[PDB]
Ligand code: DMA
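Given next, in structure tokens, is a single chain: the form solved without this ligand.
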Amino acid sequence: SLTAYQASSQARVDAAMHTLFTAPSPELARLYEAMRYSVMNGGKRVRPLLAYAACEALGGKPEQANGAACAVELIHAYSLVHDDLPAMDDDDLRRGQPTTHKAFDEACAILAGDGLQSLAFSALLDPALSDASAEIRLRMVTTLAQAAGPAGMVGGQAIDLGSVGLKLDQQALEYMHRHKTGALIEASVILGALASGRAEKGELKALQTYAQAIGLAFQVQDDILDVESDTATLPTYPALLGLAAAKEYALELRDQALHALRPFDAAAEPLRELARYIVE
């Protein structure tokens, strides 16, 4: 089941990340603690799940993707630490608990995020977290840097900033989302597939399509749930499309993701289950 697969994914990446967060000296203890706080918050580890699942879909042992899984989670975690800062989203809480700058301070949170990004690259190339060839590994870091950087995730965040008080159309909203969250979701599946040592051109293309579709499905579904909650109590896909059409679109995106996985056997079931889960 997806519940079982999420639990195994979470346990595996959490255990793998453990070693990364021991300070080499007492002087550095607080920094490493702030990084741990930013990561070890009981997160659902969807990005590790995607990396492990992509690896297994191609016949790899999941631990082959430990470096991939750690890297994408560390990039994700750093992005949230910075996003929560007063200069950005200005959030005092995340999932009910104080954000890193509140539990520590702003300077510490800035540095914790900066350190987490560097650690993500270290994890990708750590021989204990994988065994892929130098060349496969080359591809991995190239992909992560492109996905995480100013043409990917950071670019998405900058688009989000630059769109405050603009009336975006569907194309613009999707473009933003594809950067802000799609890029790192795609990196998760591509890195895990690469980690198997068995990935062919066609399969990577298929996984890219899958990843982009679930990336958008998450965003569309989030908007639908917001409207349904507001209806219950009182630029979005429902505003642009109408709620009925937005609902149809979320199902369409799920179906696009499932269709992209047609070249894979039963070993891809966790990826199929995740796509279904998004709209359940």
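Residue numbers run from 1 along the displayed sequence.
For this session: Identify the stretch, either 106-114 or 169-177, whose C-alpha atoms have the larger mean B-factor according to the entry.
Result: Looking at the recorded C-alpha B-factors, 169-177 comes out higher on average.
For this session: Could you check which stretch, 211-219 or 240-248, carries the larger mean CA temperature factor in the entry?
Result: Averaged over C-alpha atoms, the B-factors run higher in 240-248.
Exercise. Per the entry, which of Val81, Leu74, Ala148, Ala199 tops the list for Cα B factor?
Worked result: The record points to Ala199.
Problem set entry | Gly60, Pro48, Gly42, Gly67, ranked by C-alpha B-factor: the highest one | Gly42 has the highest C-alpha B-factor of those listed.
For this session: Determine, from the deposited record, the chain-internal third of the Cα B-factor for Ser188: lowest, middle or highest.
Result: Ranked within chain, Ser188 CA B lands in the lowest tercile.
Exercise. If you rank every modelled residue in this chain by C-alpha B factor, which third holds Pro86: lowest, middle or highest?
Worked result: Middle third of the chain for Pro86's C-alpha B-factor.
Exercise. Which third of the chain does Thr142 land in by C-alpha B-factor: lowest, middle or highest?
Worked result: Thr142: CA B-factor falls in the middle third of its chain.
Problem set entry | Chain thirds of CA B-factor: placement of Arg262 | Highest third - that is where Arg262 ends up once the chain's C-alpha B-factors are sorted.
Exercise. How does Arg272 rank on Cα B-factor within its chain, lowest, middle or highest third?
Worked result: Tercile = middle for this residue's CA B-factor.
The next section is about a form of this same protein that is not shown, the form solved in complex with this ligand.
For this session: Give a yes or no on whether every one of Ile136, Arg139 and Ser196 sits within 4.5 angstroms of this ligand in the entry with it bound by heavy atom.
Result: None of them does, since no heavy atom lies within 4.5 Å of the partner.
Exercise. Counting only heavy atoms and a 4.5 Å cutoff, which of 167-175, 126-134, 73-81, 201-209 contacts this ligand in the entry with it bound?
Worked result: Single hit among the candidates: 73-81.
Exercise. Even though this ligand is not shown here, does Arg94 get within 4.5 Å of it in the entry with it bound, heavy atoms only?
Worked result: Yes.
Exercise. Though only this chain appears here, would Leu50 touch this ligand in the entry with it bound if you measure heavy atom gaps against 4.5 Å?
Worked result: Heavy-atom contact with this ligand at 4.5 Å: present for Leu50.
Exercise. Would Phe218 show up as a contact with this ligand in the entry with it bound if we use heavy atoms at 4.5 Å?
Worked result: The answer is yes: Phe218 has a heavy atom within 4.5 Å of this ligand.
Exercise. Contact between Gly43 and this ligand in the entry with it bound at 4.5 Å, heavy atoms?
Worked result: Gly43: yes, in contact with this ligand in the entry with it bound.
For this session: Note which of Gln117, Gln157, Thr99, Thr143 lies within 4.5 Å of this ligand in the entry with it bound, where distance is taken over heavy atoms; exactly one does.
Result: None of the other options qualify; the answer is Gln157.
Exercise. Is any part of 173-198 within 4.5 angstroms of this ligand in the entry with it bound by a non-hydrogen atom, and which residues would that be?
Worked result: Going through 173-198 in order - heavy atoms within 4.5 Å of this ligand in the entry with it bound - the hits are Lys180, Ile185.
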